[PDB]
Amino acid sequence: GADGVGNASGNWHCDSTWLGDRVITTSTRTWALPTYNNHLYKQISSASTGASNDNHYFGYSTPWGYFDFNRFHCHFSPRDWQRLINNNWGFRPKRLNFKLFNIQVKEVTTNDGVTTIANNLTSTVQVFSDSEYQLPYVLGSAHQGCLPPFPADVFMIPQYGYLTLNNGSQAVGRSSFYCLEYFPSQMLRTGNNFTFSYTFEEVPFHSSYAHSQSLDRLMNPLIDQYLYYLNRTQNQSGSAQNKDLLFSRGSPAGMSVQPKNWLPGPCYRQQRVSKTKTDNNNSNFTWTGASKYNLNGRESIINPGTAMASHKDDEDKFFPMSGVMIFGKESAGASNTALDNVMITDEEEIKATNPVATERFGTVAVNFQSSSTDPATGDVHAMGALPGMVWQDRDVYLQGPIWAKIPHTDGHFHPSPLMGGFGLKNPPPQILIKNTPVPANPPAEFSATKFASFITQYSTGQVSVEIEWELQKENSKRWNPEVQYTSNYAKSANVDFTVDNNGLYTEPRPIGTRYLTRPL
Amino acid sequence: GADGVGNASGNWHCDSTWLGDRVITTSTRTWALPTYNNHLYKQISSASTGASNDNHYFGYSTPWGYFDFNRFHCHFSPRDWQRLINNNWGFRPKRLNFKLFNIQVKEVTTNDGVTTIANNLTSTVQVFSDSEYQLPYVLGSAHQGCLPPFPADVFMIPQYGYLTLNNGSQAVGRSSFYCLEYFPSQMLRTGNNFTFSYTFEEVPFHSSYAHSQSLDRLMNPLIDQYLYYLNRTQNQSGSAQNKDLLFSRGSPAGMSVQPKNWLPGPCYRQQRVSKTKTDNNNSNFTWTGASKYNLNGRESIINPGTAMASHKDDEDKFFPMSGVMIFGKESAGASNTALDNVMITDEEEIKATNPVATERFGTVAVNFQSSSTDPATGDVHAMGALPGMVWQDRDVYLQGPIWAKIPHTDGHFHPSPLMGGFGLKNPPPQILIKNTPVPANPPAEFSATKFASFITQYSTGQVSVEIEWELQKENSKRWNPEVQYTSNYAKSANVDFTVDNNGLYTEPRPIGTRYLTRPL
Amino acid sequence: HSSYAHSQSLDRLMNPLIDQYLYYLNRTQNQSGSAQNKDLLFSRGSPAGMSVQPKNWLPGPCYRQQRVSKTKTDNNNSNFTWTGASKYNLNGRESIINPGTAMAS
Amino acid sequence: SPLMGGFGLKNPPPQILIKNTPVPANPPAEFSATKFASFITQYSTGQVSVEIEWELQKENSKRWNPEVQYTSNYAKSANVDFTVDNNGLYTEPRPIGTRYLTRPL
Ligand SMILES: Nc1ncnc2[nH]cnc12
Ligand SMILES: Nc1ncnc2[nH]cnc12
Ligand SMILES: Nc1ncnc2[nH]cnc12
Ligand SMILES: Nc1ccnc(=O)[nH]1
Ligand SMILES: Nc1ccnc(=O)[nH]1
């Protein structure tokens with residue numbers, strides 16, 4: 001971008017526009033970027049520490065920061081989310097426009113015990129988008145540091161670091177190291193700005209609806225089937241019990257025994273825990289009772305895991321130990337905070353098609369019955385994909401992620417990001433940004449030793465992201481009224497999704513998207 | 001319409017189409033029309049009867065029936081109403097298309113004690129629209145007999161009758177008598193059909209919103225005014241009480257005493273009654289405590305009367321004796337039915353601008369204060385229009401009326417129909433319909449006496465009304481979520497706005513339109 | 001200019017054959033059971049109760065005036081025209097309102 | 001693929017709904033608002049026709065020996081398969097699948 005100390009390089013574009021089948025969100029925020037690692041790349045790992053084998057790692061931390069808008073509230077105000085979710089069966093991102101501007105680099109000089117800041121007019125900030133995905137993709141891990149939900153909040157840019165192969169806390173020859181400078185980047189003084197655009201690949205619309213039928217209630221409740229099933233293996237009060245083979249035809253009084261076309265979704269059972277502590281076992285079972293996967297001798301909690309309904313009817317007090325997305329309140333501490341400082345999602349709407357998360361998928365025969373041997377069956381707790389299965393993916397939330405990069409593998413299977421959202425082969429590129437090192441005064445005599453004395457600085461500016469979203473309109477012939485997300489009409493001390501008397505914006509609950517209904 | 005015994009003259013067009021700024025409702029129903037008054041026009045009145053002076057009348061009943069779609073649920077399904085009200089700040093009718101067809105005239109012959117019906121193929125039904133408004137306008141009095149809310153219900157056509165001037169139970173020379181035949185009408189046999197279209201005049205969009213500010217809270221809560229008001233007429237702890245004139249400037253701590261630009265709406269006070277009977281007086285006060293107007297020595301209850309808020313904050317248990325629209329449940333008896341068989345509307349949203357219906361409008365000076373004479377004031381219970389007043393009209397309901405004819409008078413004042421809806425100078429014309437008399441066998445010898453022997457018959461067919469409605473879209477920058485009409489998510493024995501196990505459609509509550517919000 | 005009388009009145013606009021779908025509070029007590037007891041009883045608009053039917057319209061404005069008879073014997077024995085008159089007050093000066101608001105005689 | 005067998009279709013042949021239109025019996029002489037509940041008893045009859053085009057995958061087999069083929073039974077009996085009996089009742093005496101020709105894997 002071209003021109004002045006004295007001249008803004010961008011305006012403030014923060015707004016929504018609804019246009020029939022499209023909605024265009026624009027959001028702009030003011031950021032702050034410190035100097036990280038003192039302009040150094042450090043090797044990092046779990047060495048010392050005392051970490052268990054399931055926590056070892058090797059990687060590198062970087063002098064760079066990055067931009068992250070991978071959360072719905074970076075784009076949708078609460079009211080817009082409401083508009084979205086109460087009138088559409090779905091939506092997807094189509095295109096994006098990104099803007100960095102009004103940059104201002106500042107130097108900090110400290111004497112005492114006391115601190116002066118001034119402008120350093122001839123200083124630059126550097127930027128690039130990793131558009132060929134040459135860097136480890138660190139979005140889609142649900143990190144904090146995204147654009148804040150509230151447009152008036154200033155935010156600090158997160159620091160980029162990444163991991164590679166590790167054997168315990170050591171590295172392997174196959175471990176990759178990346179230097180960000182080695183990339184062409186744009187260098188901006190206070191006059192300049194950065195822009196780029198991006199188009200999203202074609203992706204299925206996110207399902208913003210619950211079903212109003214369930215897999216097991218698809219039949220016509222008036223008519224028999226023409227199909228028969230073995231109903232009894234003994235009579236039938238003719239005294240007493242005699243071996244028999246008796247067959248019945250499908251009938252509305254026996255909807256549990258009717259032949260059908262479809263199976264419910266996959267299942268990886270999880271441990272059921274109550275919100276009233278008195279119901280639970282008196283031990284610490286989370287790691288030990290947890291559903292985990294085992295990768296190169298390292299255990300990892302499956303969380304949130306397969307899309308599964310959180311609880312069956314009437315049991316809203318239970319939840320899978322690690323099968324629901326959980327947001328912290330703005331009072332929550334980092335670790336071992338209490339139940340009332342968190343917000344647990346509920347994915348109950350999918351119980352029309354998806355197994356409940358804390359129960360068996362079902363039952364299977366396990367032997368050959370005969371006069372000598374009694375029929376046996378077993379419980380199935382982990383069921384992979386079977387032809388004929390159908391299921392609903394995890395819901396998204398106003399404060400959850402939007403997308404993730406599908407790993408570059410030979411094989412995926414339904415690569416919808418398990419934490420919720422859109423899987424993208426070629427996702428929105430990472431956007432990296434750094435303050436250029438500015439040497440302090442060198443000595444009078446040459447020295448070859450790497451320069452280690454710098455003027456202390458940081459930068460600030462605005463960033464703007466515009467996304468176009470396509471909508472799937474609702475076409476429902478449903479006669480009665482829908483469940484609709486609504487704010488509460490009763491009176492209170494504070495308004496939901498507002499700032500308080502100290503100016504702290506709060507999000508008092510998660511909001512999903514499943515209010516409108518479809519048939520199956 | 002042209003053609004066959006064997007040939008339908010219309011199809012079934014029942015559907016909604018949403019199109020950005022327009023929504024087009026089509027509804028079609030199946031009707032039944034008996035022979036009324038045996039093809040006679042009768043003079044009718046309150047003579048004998050024992051009626052009080054406030055109930056006397058004179059008029060005429062007619063052999064004709066009529067069509068009435070003047071209720072929102074004749075056009076909007078519950079789900080559509082929901083769509084309407086949760087996304088628009090307003091709406092109005094623009095144009096209409098009406099269709100009578102598939103007519104079938106039948107003769108009834110009874111011997112015994114037992115009854116045979118057959119087709120009378122060569123019989124006609126007659127129809128016309130009173131498009132020059134030459135007939136007494138009987139729509140907009142909230143009569144029953146409109147198209148039913150539920151498309152599968154068959155309905156009987158109401159009978160047309162009208163009133164004229166009466167002096168007690170007698171007539172005056174100025175009294176008008178109308179013969180409907182004297183009008184050209186279309187004569188339809190089983191093959192034929194009737195159609196006409198109509199355009200609505202320009203009218204203000206109905207306000208489907210509550211305000212989120214009130215008249216008395218329009219100021220900037222941070223800043224003083226530059227304006228002053230007399231604050232004290234005595235000091236001010238300098239002992240003891242001394243005459244003084246002390247002036248203060250408008251201030252956020254004194255929002256009740258700040259000069260302002262606007263006044264709240266008009267007021268005609270009504271008697272406050274509680275839903276818990278124990279609160280009320282032990283008498284029958286409705287006529288005797290009622291707000292009434294007096295017209296030519298005849299009293300009439302003002303009901304619903306001036307648009308006024310039903311109750312102030314926290315007092316949802318009170319309601320004006322005759323200032324709220326009240327719908328009957330499908331269990332309600334015609335007279336003296338209990339509280340739980342009715343549904344009382346609530347117009348509480350308008351308390352931002354409109355006086356509460358059971359309180360004074362305010363207080364007025366009534367004398368000249370002096371050292372000798374103490375300042376007096378009086379309560380104002382009935383306040384007409386004052387320059388600077390602003391107000392909100394009564395809300396409409398999914399089951400309330402749509403429009404009424406503005407009377408043809410020299411003078412109206414804000415002629416919005418007090419029961420709610422659109423006032424129309426030139427409203428949708430009345431549509432009249434009758435089975436043509438079919439003589440029974442005459443005698444063999446002439447007789448001049450009016451024929452009085454007829455073949456018994458009635459007719460049935462379909463009717464279709466299509467209305468185009470223009471929408472006022474919402475443009476709100478409100479950050480937090482709105483109150484939205486929503487059905488209840490908790491489980492129950494029946495679904496709202498559905499048929500039961502005997503196939504009776506029920507409407508379990510009124511729904512207004514005021515959910516979205518505006519600023520004032 | 002309206003050179004016509006109406007042949008209907010504001011309070012007689014309804015269809016005299018059909019009920020309304022609208023209800024109004026009819027009684028605040030029953031109803032012979034023996035005594036008087038607090039109650040809330042609602043009735044629907046009906047041709048037998050045209051004085052209690054909901055309606056859309058109100059009659060015109062009103063500024064009441066003193067009724068006087070053409071047969072003198074009916075009237076009060078005093079001179080009440082200025083003193084019983086409907087007057088407006090303008091800058092401390094009274095003026096008889098005459099003929100005043102359009103009202104039926 | 002529908003587990004009971006057949007073709008799964010995103011956008012399958014639409015449901016086709018049909019009903020006899022209500023035909024009121026004689027109404028009363030005086031208006032009543034209550035649900036109309038008296039009807040002339042009726043029913044209907046007619047023909048319906050469905051035509052479907054099916055594409056075939058022809059067999060291209062180099063298999064030298066003869067195939068298993070669905071065949072009716074040559075031995076004599078009291079009734080013919082897939083026929084009506086002496087009371088005119090059509091019967092289907094067995095299921096027939098479709099897997100007779102063979103492929104290599
Ligand atoms: N959300 C998603 N993104 C990309 N591919 C998918 N395949 C199934 N769901 C998907
Ligand atoms: N609803 C309405 N119809 C016609 N004129 C009006 N003037 C004010 N409100 C009106
Ligand atoms: N029968 C079938 N119909 C539709 N999709 C299928 N995919 C695999 N088998 C199928
Ligand atoms: N990836 C998938 C496999 C099967 N079905 C899907 O919808 N998606
Ligand atoms: N009729 C009216 C008079 C004054 N203001 C209005 O909005 N309408």
# chains A, B, ... in the order shown; residues from 1 in each chain; ligands from 1

$ residues_near_ligand --ligand "ligand 3" --cutoff "6 Å" --atoms "only C-alpha atoms and all ligand atoms" --output "tab-separated table (two decimals) with N, CA, C and O atoms, in the first residue's frame"
chain	number	residue	atom	x	y	z
D	1	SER	N	-27.27	-48.28	-0.04
D	1	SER	CA	-28.15	-49.21	-0.75
D	1	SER	C	-29.16	-49.79	0.27
D	1	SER	O	-28.75	-50.33	1.28
D	6	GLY	N	-32.54	-53.38	-3.34
D	6	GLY	CA	-32.92	-52.33	-4.27
D	6	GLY	C	-31.95	-51.15	-4.40
D	6	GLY	O	-30.71	-51.23	-4.07
D	7	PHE	N	-32.55	-50.08	-4.92
D	7	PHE	CA	-31.89	-48.87	-5.28
D	7	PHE	C	-32.16	-47.82	-4.25
D	7	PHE	O	-33.32	-47.51	-3.93
D	8	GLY	N	-31.07	-47.24	-3.75
D	8	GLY	CA	-31.16	-46.02	-2.98
D	8	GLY	C	-31.22	-44.82	-3.87
D	8	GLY	O	-30.38	-44.63	-4.75
D	9	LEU	N	-32.19	-43.96	-3.59
D	9	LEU	CA	-32.39	-42.76	-4.38
D	9	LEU	C	-32.41	-41.51	-3.53
D	9	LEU	O	-33.22	-41.42	-2.62

$ interface_residues --of "chain D" --to "chain C" --cutoff "10 Å" --atoms "only C-alpha atoms" --output "NGL selection string"
:D and (30-33)

$ write_last_selection --atoms "C-alpha atoms" --output "short mmCIF file (atom, residue, chain, number, x, y, z; two decimals), in the first residue's frame"
data_model
loop_
_atom_site.label_atom_id
_atom_site.label_comp_id
_atom_site.auth_asym_id
_atom_site.auth_seq_id
_atom_site.Cartn_x
_atom_site.Cartn_y
_atom_site.Cartn_z
CA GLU D 30 -80.06 -21.55 10.47
CA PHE D 31 -76.34 -20.75 10.50
CA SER D 32 -74.08 -22.75 12.77
CA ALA D 33 -70.28 -22.11 13.08
#

$ residues_near_ligand --ligand "ligand 4" --cutoff "10 Å" --atoms "only C-alpha atoms and all ligand atoms" --output "PyMOL selection string"
chain A and resi 204+385+387-393+412-416

$ write_last_selection --atoms "N, CA and C atoms" --output "short mmCIF file (atom, residue, chain, number, x, y, z; two decimals), in the first residue's frame"
data_model
loop_
_atom_site.label_atom_id
_atom_site.label_comp_id
_atom_site.auth_asym_id
_atom_site.auth_seq_id
_atom_site.Cartn_x
_atom_site.Cartn_y
_atom_site.Cartn_z
N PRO A 204 -20.50 -29.57 1.37
CA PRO A 204 -21.91 -29.77 1.72
C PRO A 204 -22.35 -28.69 2.70
N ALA A 385 -18.37 -48.46 10.45
CA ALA A 385 -19.29 -48.23 9.39
C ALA A 385 -19.77 -49.53 8.74
N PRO A 387 -22.51 -50.86 5.61
CA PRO A 387 -23.35 -50.37 4.53
C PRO A 387 -24.76 -50.11 5.08
N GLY A 388 -25.43 -49.07 4.61
CA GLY A 388 -26.77 -48.78 5.09
C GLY A 388 -26.87 -47.85 6.30
N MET A 389 -25.75 -47.56 6.94
CA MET A 389 -25.77 -46.63 8.03
C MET A 389 -25.97 -45.21 7.54
N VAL A 390 -26.70 -44.44 8.32
CA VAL A 390 -26.84 -43.03 8.03
C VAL A 390 -26.65 -42.23 9.34
N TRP A 391 -26.12 -41.03 9.25
CA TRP A 391 -25.87 -40.30 10.49
C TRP A 391 -25.79 -38.81 10.26
N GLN A 392 -25.81 -38.10 11.36
CA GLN A 392 -25.74 -36.65 11.39
C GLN A 392 -24.42 -36.25 12.03
N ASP A 393 -23.72 -35.29 11.44
CA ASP A 393 -22.42 -34.84 11.98
C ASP A 393 -22.61 -33.90 13.16
N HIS A 412 -9.20 -40.92 3.94
CA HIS A 412 -9.99 -40.27 4.99
C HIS A 412 -11.26 -41.08 4.97
N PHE A 413 -12.14 -40.86 5.90
CA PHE A 413 -13.45 -41.43 5.76
C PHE A 413 -14.38 -40.41 6.35
N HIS A 414 -15.18 -39.80 5.48
CA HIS A 414 -16.11 -38.76 5.87
C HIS A 414 -15.37 -37.70 6.69
N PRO A 415 -14.48 -36.97 6.04
CA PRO A 415 -13.56 -36.14 6.80
C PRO A 415 -14.23 -34.84 7.21
N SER A 416 -15.31 -34.97 7.97
CA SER A 416 -15.89 -33.79 8.63
C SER A 416 -15.23 -33.65 10.03
#

$ interface_residues --of "chain A" --to "chain B" --cutoff "9 Å" --atoms "only C-alpha atoms" --output "PyMOL selection string"
chain A and resi 15+19-20+77-83+86-87+477-489+495-498

$ interface_residues --of "chain B" --to "chain D" --cutoff "8 Å" --atoms "only C-alpha atoms" --output "VMD selection string"
chain B and resid 30 to 37 108 144 to 145 153 to 159 457 to 458 460

$ write_last_selection --atoms "N, CA and C atoms" --output "short mmCIF file (atom, residue, chain, number, x, y, z; two decimals), in the first residue's frame"
data_model
loop_
_atom_site.label_atom_id
_atom_site.label_comp_id
_atom_site.auth_asym_id
_atom_site.auth_seq_id
_atom_site.Cartn_x
_atom_site.Cartn_y
_atom_site.Cartn_z
N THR B 30 -63.81 -26.07 1.06
CA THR B 30 -65.07 -26.59 0.57
C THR B 30 -66.23 -26.13 1.45
N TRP B 31 -67.25 -25.52 0.83
CA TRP B 31 -68.34 -24.85 1.57
C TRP B 31 -69.65 -25.61 1.42
N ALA B 32 -70.61 -25.29 2.28
CA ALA B 32 -72.00 -25.71 2.06
C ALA B 32 -72.98 -24.57 2.30
N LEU B 33 -73.95 -24.44 1.39
CA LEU B 33 -74.93 -23.35 1.39
C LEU B 33 -76.31 -23.99 1.39
N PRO B 34 -77.07 -23.77 2.46
CA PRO B 34 -78.47 -24.14 2.55
C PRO B 34 -79.34 -23.08 1.92
N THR B 35 -80.63 -23.38 1.84
CA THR B 35 -81.63 -22.39 1.53
C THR B 35 -81.98 -21.64 2.79
N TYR B 36 -81.97 -20.31 2.75
CA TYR B 36 -82.27 -19.52 3.94
C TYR B 36 -83.66 -18.94 3.82
N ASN B 37 -84.36 -18.83 4.97
CA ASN B 37 -85.64 -18.11 5.15
C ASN B 37 -86.68 -18.64 4.17
N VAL B 108 -83.08 -32.35 -1.85
CA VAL B 108 -83.39 -33.20 -0.73
C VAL B 108 -84.87 -33.52 -0.74
N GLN B 144 -68.71 -14.76 13.15
CA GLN B 144 -68.26 -16.08 12.78
C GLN B 144 -68.80 -16.46 11.40
N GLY B 145 -68.17 -17.44 10.77
CA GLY B 145 -68.54 -17.95 9.45
C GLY B 145 -67.47 -17.70 8.40
N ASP B 153 -61.24 -28.55 6.97
CA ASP B 153 -62.61 -28.27 7.46
C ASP B 153 -63.57 -27.71 6.39
N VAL B 154 -64.76 -28.29 6.37
CA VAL B 154 -65.89 -27.85 5.54
C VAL B 154 -66.68 -26.80 6.33
N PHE B 155 -67.19 -25.77 5.67
CA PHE B 155 -67.83 -24.74 6.44
C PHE B 155 -69.16 -24.41 5.83
N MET B 156 -70.05 -23.99 6.69
CA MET B 156 -71.36 -23.51 6.27
C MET B 156 -71.29 -21.98 6.03
N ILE B 157 -71.90 -21.50 4.95
CA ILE B 157 -71.85 -20.08 4.63
C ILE B 157 -72.81 -19.36 5.54
N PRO B 158 -72.38 -18.24 6.15
CA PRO B 158 -73.32 -17.44 6.97
C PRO B 158 -74.45 -16.86 6.13
N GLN B 159 -75.57 -16.48 6.76
CA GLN B 159 -76.69 -15.76 6.14
C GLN B 159 -76.50 -14.23 6.20
N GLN B 457 -83.47 -27.66 -1.48
CA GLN B 457 -82.12 -27.88 -1.93
C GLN B 457 -81.03 -27.08 -1.25
N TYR B 458 -79.81 -27.44 -1.57
CA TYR B 458 -78.64 -26.76 -1.09
C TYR B 458 -77.51 -27.03 -2.05
N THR B 460 -72.95 -27.08 -2.72
CA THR B 460 -71.64 -27.17 -2.16
C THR B 460 -70.62 -26.93 -3.28
#
